[PDB]
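One structure is given here, and the rest of the page talks about it.
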Amino acid sequence: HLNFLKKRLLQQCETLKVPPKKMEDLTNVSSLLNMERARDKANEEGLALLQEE
Amino acid sequence: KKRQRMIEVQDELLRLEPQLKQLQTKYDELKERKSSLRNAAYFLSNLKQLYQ
């Protein structure tokens, strides 16, 4: 029964339609955020330094 | 935009930096000239009085 459920869900998700919006791999995105956050922090730091100057 | 701001502020600083020096030396030399010429006028008048 669970195999039939899985195959029907696979068919439904394959048939499902979405507007053309890019959506990156589920596992990696979180890591990217962390890096992005750090980037902003660094940028902010540099910005502060620039303003300080 | 902050990097451009860097560009204009550094340009203004490097332009204004030399401007102080010539004005300072001109002020100093003119003040020295004034003091020297006032002294010299005093001495020439005093020596003329001595001669008379």
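The way I read the labels, and the way they are meant: chains A, B, ... in the order of the structure tokens, residue 1 as the first residue of every chain, and ligand 1 as the first ligand shown, with later ones counted on from there.
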
**OP:** May I ask you to extract the residues of chain B within 10 Å of chain A, using only C-alpha atoms, and to give them as an MDAnalysis selection string?
**Re:** chainID B and resid 2:3 5:6 9

For C-alpha atoms, I'd like the residues from the last selection saved as a compact mmCIF listing (two decimals), in the first residue's frame.
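Final output, selection_19.txt:
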```
# COMPACT_ATOMS: atom_id res chain seq x y z
CA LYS B 2 31.03 54.75 -0.89
CA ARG B 3 33.97 53.86 -3.13
CA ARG B 5 32.84 58.92 -2.27
CA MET B 6 36.35 57.71 -1.40
CA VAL B 9 37.13 62.91 -0.80
```

Original post:
To one decimal place, how far is atom CA of residue 34 of chain B from atom CA of residue 21 of chain B in Å?
Top reply: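 Taking atom CA of residue 34 of chain B and atom CA of residue 21 of chain B, their separation equals 19.9 Å.
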
**OP:** May I ask for the distance between atom CA of residue 23 of chain B and atom CA of residue 10 of chain B, given in Å to one decimal place?
**Re:**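 Between atom CA of residue 23 of chain B and atom CA of residue 10 of chain B the gap works out to 21.1 Å.
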
**OP:** Apply DSSP to the structure's backbone, then extract all residues of chain A labelled helix (DSSP H, G or I) and return them as number ranges by chain.
**Re:** A: 2-15, 29-52

Subject >> Separation of atom CA of residue 46 of chain A from atom CA of residue 7 of chain B, in Å and rounded to one decimal >> reply: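 Atom-to-atom, atom CA of residue 46 of chain A to atom CA of residue 7 of chain B, that is 15.8 Å.
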